[PDB]
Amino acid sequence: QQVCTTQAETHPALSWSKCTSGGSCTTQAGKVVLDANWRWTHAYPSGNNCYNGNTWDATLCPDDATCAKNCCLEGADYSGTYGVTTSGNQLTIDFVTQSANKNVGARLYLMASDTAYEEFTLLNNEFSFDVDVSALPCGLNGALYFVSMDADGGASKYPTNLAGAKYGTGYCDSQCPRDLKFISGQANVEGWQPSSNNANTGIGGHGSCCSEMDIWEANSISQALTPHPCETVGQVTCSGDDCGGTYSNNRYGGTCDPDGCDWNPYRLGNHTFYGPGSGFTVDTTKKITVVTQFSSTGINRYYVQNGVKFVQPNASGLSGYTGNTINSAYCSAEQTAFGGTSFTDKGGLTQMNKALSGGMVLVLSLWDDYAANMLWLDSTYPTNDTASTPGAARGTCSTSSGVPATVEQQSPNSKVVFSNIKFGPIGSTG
């Protein structure tokens, strides 16, 4: 896509800490940028909208390449339109923001400069952050995660992307998302189908695949930590059902693992570890520090709340695994007990570790779930299963919860606050 400037693009500042062996940390002057899908797109250098509602303009966008030549991305009013504000090392993402239109959530990337995403190499290192999930009810997901995106949003590989990282281009994840309007310097117009249940979104003929490490997908009720390997580490474009994922007739027909080797303490039999109030080890009405440590043998997790360190609880009642670590043993035992082969089919932890040994971009987001109402995270899922089915119970939310239209009307002032990001070698951030 091109760049237009009727709305200025200024990346909100966000400080974070880089820590080194010894425990010394220094402040880093980062910024955040909104993902390109959220932007107004119109004719370059001016003219009609190229996309409006959930349909493309056929005149401006008769095919994928022409559309990218004729259409530009605009700047974003971060607070007024998208409900994104920063203060020092704190980032707030509001749920429903009404200005011209109703906007629901946002996806942001941490920047090293105004034209480059920050790239984190996770293996042998740890990532720590503080979060307030107190205003995240059933059906919402405040997510912090890593994806194997290009630092420049694809600009050097795809010269028809003139917007680059400055405008939040180049997203990919292990779902191989097809809802993206621009992928690899081309629009996603050919075969585009508008969503049945969402006036603002649709599903294109292409998706955008890459490795994904979901550090944190959570609300006040449940949380999950999930590696997703892909057969190619970095970004590749997929077509239709061969993207796999939720919007494809064969979930497992692609090159990425859309399921992941997920660790949700509730799903693994600990019903008192994480929840609202003093009945829970980690009280979701109060700030939580979440620390995640990556090594070749596995991923480890601890939490700090009110100065108290709590290690990840042991898996409880999971046949053949009594640890608290995402390692090859756990991932295999999970597949055996709960079903499925996707994670190991796509190379498992060995293949994930290849992405963890290269740069990944930090994503901070808030969303609700049109496909499955976040029931996979915080309720009983699938709907045909019940709490006696192995792996079915993931949280205490009602199976009727999380319908986007309902949560948007009932809980519009929901929000997530991420803060005090720290990164460095294992043992260095605490």
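We number the residues from 1 along the sequence you see.
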| property | result |
| --- | --- |
| 300-308 versus 242-250 - which carries the larger mean C-alpha B factor in the record | 242-250 |
| Stretch exceeding the other in mean C-alpha B-factor - 122-130, 158-166 | 158-166 |
| Highest recorded Cα temperature factor - choice among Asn373, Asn37, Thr55, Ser379 | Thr55 |
| Given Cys209, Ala333, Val189, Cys261, the residue at which the Cα B factor reaches its maximum | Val189 |
| Third of the chain's Cα B-factor distribution that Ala355 belongs to, per the entry | lowest |
| Record-listed C-alpha B factor of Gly424: chain third | lowest |
| Ranked against its chain, the third holding the CA B-factor of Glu217 | lowest |
| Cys71, C-alpha B-factor rank within chain (lowest, middle or highest third) | highest |
| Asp369 CA temperature factor, ranked by third within the chain | middle |
